[PDB]
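K.L.:
First the structure, then my questions, so here it is.
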Amino acid sequence: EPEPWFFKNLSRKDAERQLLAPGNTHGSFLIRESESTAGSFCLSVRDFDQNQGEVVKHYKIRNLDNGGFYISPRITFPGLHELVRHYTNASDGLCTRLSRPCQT
Ligand SMILES: CC(=O)N[C@@H](Cc1ccc(P(=O)(O)O)c(P(=O)(O)O)c1)C(=O)N[C@H]1CCCCc2cc(OCC3CCCCC3)c(C(N)=O)cc21
């Protein structure tokens, strides 16, 4: 299964609720298609926050001109796969590392 993280047709709300569901943890994520707008993707990741503990945050995956992707204009990956790779290896400015893909 090439992309267990690509929960493409999930709504913001369905993404959060899903991540904060059993079988998931810190760095547990998914890349759903953008809700508020369209055409771009979004990376939803569960994370630890001292106050209310487990939460979910969303990172906008802006589309590169040539078709690539990138959350930060510093590193601009060729595909959603290398994006998930680079951020799984290290947060690199993210609130947390992309440990493992969302489960259900
Ligand atoms: C309201 C919201 O969830 N905002 C998100 C970004 C986001 C997500 C989803 C959606 P959508 O509804 O379409 O699904 C939208 P929108 O409505 O506006 O279109 C926006 C966000 O602001 N998250 C923080 C989360 C962590 C706190 C700080 C932060 C930093 C960010 O970028 C900075 C650099 C840091 C170094 C690594 C690369 C990113 C981003 C970000 N989108 O890049 C988001 C957030």
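In the structure tokens, the first chain shown is A, the next is B, and so on; residue numbers restart at 1 for each chain, and ligands run from 1 in the order shown.
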Can you list, as an MDAnalysis selection string, every protein, DNA or RNA residue that comes within 8 Å of residue 45 (chain A) when you count only C-alpha atoms, leaving out same-chain residues fewer than 5 positions away?
P.N.:
chainID A and resid 19 26:30 56:58 98
K.L.:
Suppose we keep N, CA and C atoms; can you now write the selection as a compact mmCIF listing (two decimals), in the first residue's frame?
P.N.:
```
# COMPACT_ATOMS: atom_id res chain seq x y z
N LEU A 19 -7.31 10.74 13.81
CA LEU A 19 -5.97 10.70 14.36
C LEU A 19 -6.01 10.47 15.88
N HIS A 26 1.88 10.21 18.93
CA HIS A 26 2.64 11.39 18.55
C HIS A 26 3.30 11.19 17.19
N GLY A 27 3.06 12.12 16.28
CA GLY A 27 3.65 11.99 14.96
C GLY A 27 2.77 11.21 14.01
N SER A 28 1.67 10.66 14.53
CA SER A 28 0.73 9.92 13.69
C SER A 28 0.09 10.98 12.79
N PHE A 29 0.10 10.72 11.48
CA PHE A 29 -0.39 11.69 10.51
C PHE A 29 -1.14 11.12 9.31
N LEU A 30 -1.51 12.05 8.43
CA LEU A 30 -2.20 11.75 7.18
C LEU A 30 -2.16 13.02 6.35
N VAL A 56 -4.32 17.89 17.35
CA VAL A 56 -4.06 17.65 15.94
C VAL A 56 -3.81 19.01 15.33
N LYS A 57 -2.78 19.09 14.49
CA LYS A 57 -2.43 20.34 13.84
C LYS A 57 -2.33 20.07 12.36
N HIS A 58 -2.59 21.10 11.57
CA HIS A 58 -2.58 20.97 10.13
C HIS A 58 -1.55 21.86 9.47
N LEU A 98 7.05 13.06 11.79
CA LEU A 98 6.00 12.22 11.24
C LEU A 98 6.36 10.78 11.49
```
K.L.:
Using only C-alpha atoms and all ligand atoms, determine which residues fall within 9 Å of ligand 1, then list them as a ChimeraX atom specification.
P.N.:
/A:11-13,32-38,40-45,56-62,70-75,87,91-95
K.L.:
Go ahead and save the picked residues with C-alpha atoms, as a PDB file, in the first residue's frame.
P.N.:
```pdb
ATOM      1  CA  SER A  11     -12.634  16.435   6.072  1.00  0.00           C
ATOM      2  CA  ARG A  12     -10.665  18.550   8.559  1.00  0.00           C
ATOM      3  CA  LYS A  13     -12.921  17.372  11.359  1.00  0.00           C
ATOM      4  CA  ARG A  32      -5.817  14.940   3.234  1.00  0.00           C
ATOM      5  CA  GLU A  33      -6.830  17.196   0.337  1.00  0.00           C
ATOM      6  CA  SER A  34      -7.329  20.846   1.367  1.00  0.00           C
ATOM      7  CA  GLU A  35     -10.768  21.696   2.790  1.00  0.00           C
ATOM      8  CA  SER A  36     -11.118  25.459   3.083  1.00  0.00           C
ATOM      9  CA  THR A  37      -9.653  25.867  -0.421  1.00  0.00           C
ATOM     10  CA  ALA A  38      -8.983  23.322  -3.146  1.00  0.00           C
ATOM     11  CA  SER A  40      -3.570  21.947  -2.397  1.00  0.00           C
ATOM     12  CA  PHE A  41      -2.958  19.217   0.180  1.00  0.00           C
ATOM     13  CA  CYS A  42      -2.820  19.257   3.963  1.00  0.00           C
ATOM     14  CA  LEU A  43      -0.777  17.247   6.467  1.00  0.00           C
ATOM     15  CA  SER A  44      -2.670  16.501   9.700  1.00  0.00           C
ATOM     16  CA  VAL A  45      -0.554  15.407  12.646  1.00  0.00           C
ATOM     17  CA  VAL A  56      -4.060  17.651  15.937  1.00  0.00           C
ATOM     18  CA  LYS A  57      -2.425  20.338  13.839  1.00  0.00           C
ATOM     19  CA  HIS A  58      -2.584  20.967  10.129  1.00  0.00           C
ATOM     20  CA  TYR A  59       0.249  21.916   7.797  1.00  0.00           C
ATOM     21  CA  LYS A  60      -0.537  23.363   4.352  1.00  0.00           C
ATOM     22  CA  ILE A  61       1.294  21.528   1.552  1.00  0.00           C
ATOM     23  CA  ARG A  62       1.603  24.245  -1.085  1.00  0.00           C
ATOM     24  CA  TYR A  70       6.502  21.781   0.061  1.00  0.00           C
ATOM     25  CA  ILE A  71       5.347  22.885   3.507  1.00  0.00           C
ATOM     26  CA  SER A  72       8.330  25.248   3.849  1.00  0.00           C
ATOM     27  CA  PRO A  73       9.776  27.008   0.808  1.00  0.00           C
ATOM     28  CA  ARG A  74      13.251  25.877   1.870  1.00  0.00           C
ATOM     29  CA  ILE A  75      12.857  22.201   0.862  1.00  0.00           C
ATOM     30  CA  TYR A  87       9.605  14.965   7.791  1.00  0.00           C
ATOM     31  CA  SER A  91      10.588  17.531  12.298  1.00  0.00           C
ATOM     32  CA  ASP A  92      12.749  20.103  10.465  1.00  0.00           C
ATOM     33  CA  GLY A  93      10.640  22.941  11.846  1.00  0.00           C
ATOM     34  CA  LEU A  94       7.448  20.970  12.248  1.00  0.00           C
ATOM     35  CA  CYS A  95       5.758  20.762  15.624  1.00  0.00           C
TER      36      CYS A  95
END
```
K.L.:
Which residue gives the smallest distance to residue 96 (chain A) among A:68, A:52, A:47, A:83, with only C-alpha atoms counted?
P.N.:
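Answer, going by the shortest atom-to-atom distance: A:47.
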K.L.:
Within chain A, find each residue whose DSSP state, derived from the backbone, is strand (DSSP E or B), and express the selection as a list in words.
P.N.:
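Answer for chain A, restricted to strand (DSSP E or B): residues 29, 30, 31, 32, 33, 41, 42, 43, 44, 45, 46, 47, 55, 56, 57, 58, 59, 60, 61, 62, 63, 69, 70 and 101 of chain A.
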K.L.:
Can you measure CA of residue 104 (chain A) to CA of residue 23 (chain A) for me? One decimal in Å is fine.
P.N.:
7.1 Å
